[PDB]
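Trainee: Quick one, what's the 3D model for this:
(one chain, ligands or ions: 1)
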Amino acid sequence: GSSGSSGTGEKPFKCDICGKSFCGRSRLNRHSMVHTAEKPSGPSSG
Ligand SMILES: [Zn+2]
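Mentor: Residues are numbered from 1 along each chain as shown. Find the structure here:
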C-alpha cells in the first residue's frame, strides 16, 4: 500500500484537518466528525 488517489486528478472534495479527500461529501462531512471524537474520560496528550 502506498500513496494513491490516481484518476482524473483528485476528488471533488477535501478535508480540513488531514486534507482527506472524498468522492462524495456525504462521506467527508461525517469524516470531519471523527477528528473531534474524544471523550473526557480518557487522558490527553501534552
Ligand atoms: Zn480528515
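
Trainee: Which helix or which strand is home to the residue of the chain most remote from its centre?
Mentor: Of all residues in the chain, the one whose C-alpha sits farthest from the chain's mean C-alpha position, using CA atoms, centre = their mean, is residue 41 at 23.9 Å. According to DSSP states H and E, residue 41 maps onto no helix or strand at all.

Trainee: Is the residue most central in space within the chain part of a helix or strand, or is it coil?
Mentor: Within the chain, one residue has its C-alpha closest to the average C-alpha position: by CA atoms, centre = their mean, that is residue 20, at 4.2 Å. Residue 20 falls in the coil class when you classify it by DSSP: H, G, I helix; E, B strand; the rest coil.

Trainee: For this protein, what lies in contact range of the ion?
Mentor: Taking CB under 5 Å from the ion as the measure of proximity, the chain contacts the ion at 15, 17, 18, 20. Placement of C-beta: from N, CA and C, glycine included.

Trainee: Tell me the most packed of these, by neighbour count.
Mentor: By neighbour count, taken as other CB atoms under 10 Å, the most surrounded of these turns out to be residue 20 (16 neighbours).

Trainee: So which residues of the protein form helices?
Mentor: Under the criterion DSSP state H, helices of the chain are mapped to 25-34.

Trainee: Taking the residues of the chain next to the ion together, which two end up most distant?
Mentor: When the residues of the chain next to the ion are compared pair by pair using CB to CB, the farthest-apart members prove to be 17 and 20, with a separation of 7.8 Å.
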